[PDB]
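Q: One structure is given below, represented as structure tokens, and several questions about it will come after.
This is the structure:
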């Protein structure tokens, strides 16, 4: 019964849904940050969503540890490092190179889309965790 809240939160996923970032990738972004933030609700949602959109079990189980795995592409790995360091903003400055490295795999407008995706899920993880979903 804060409907003004739920919809402010949907207006992000409404923009993301119009975003030129490929959906399998924003699902890896959502699933990975939900791992880091401990939203079990979000992890179960997007995990299955990613299944929906055709992800393999092998990559799904490797994302928890993607850094060490060959299963993700350079473009994926660059979005996953952005998402990892923006999830852990509490702990660290971002490394200076991160923005530059990102530009070697995404055009400027993809980066803003990547960034709203990661911000949107960081928001949702906080609603989930806070309300014991």
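Residue numbers (the entry's author numbering): 10 to 142. For every residue, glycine included, the Cβ atom is placed at its ideal position computed from N, Cα and C.
Whole angstroms are fine: how far does the CA of residue 45 sit from the CA of residue 121?
A: Rounded to the nearest angstrom, the two C-alpha atoms are 21 Å apart.
Q: If you draw a straight line from the C-alpha of residue 142 to the C-alpha of residue 117, how long is it?
A: Cα to Cα, residue 142 sits roughly 35 Å from residue 117.
Q: Quick one: residues in its chain with C-beta nearer than 8 Å to the C-beta of residue 87, no 5 flanking neighbours on either side, listed in chain order?
A: Within the same chain, residue 87 has close Cβ partners 110, 111, 113, 114 and 115.
Q: Using CA atoms only, rank isn't needed, just tell me which of 124, 13 and 136 is closest to residue 213.
A: Look at the range of the chain in this structure, 10 to 142, and you will see that residue 213 is not part of it.
Q: Here's a check: name, in chain order, each residue in its chain whose Cβ is nearer than 8 Å to the Cβ of residue 97, leaving out the five neighbours to either side.
A: Hits under 8 Å: 45.
Q: Can you tell me whether DSSP reads residue 83 as helix, strand or coil?
A: Three-state result, residue 83: helix.
Q: Near residue 67, what residues of its chain come up, given a Cβ to Cβ distance below 8 Å and the 5 sequence neighbours on each side ignored?
A: Correct list, in chain order: 80.
Q: Taking residue 51 as part of the alpha helix (DSSP H), name the residues at either end of that continuous run.
A: 49–61 is the span of the alpha helix (DSSP H), which, as asked, contains residue 51.
Q: Using a threshold of 8 Å, state whether the C-beta atoms of residue 56 and residue 40 are closer than that.
A: Contact: yes.
Q: Are the CB atoms of residue 34 and residue 72 within a distance shorter than 8 Å?
A: Not closer than 8 Å, so no.
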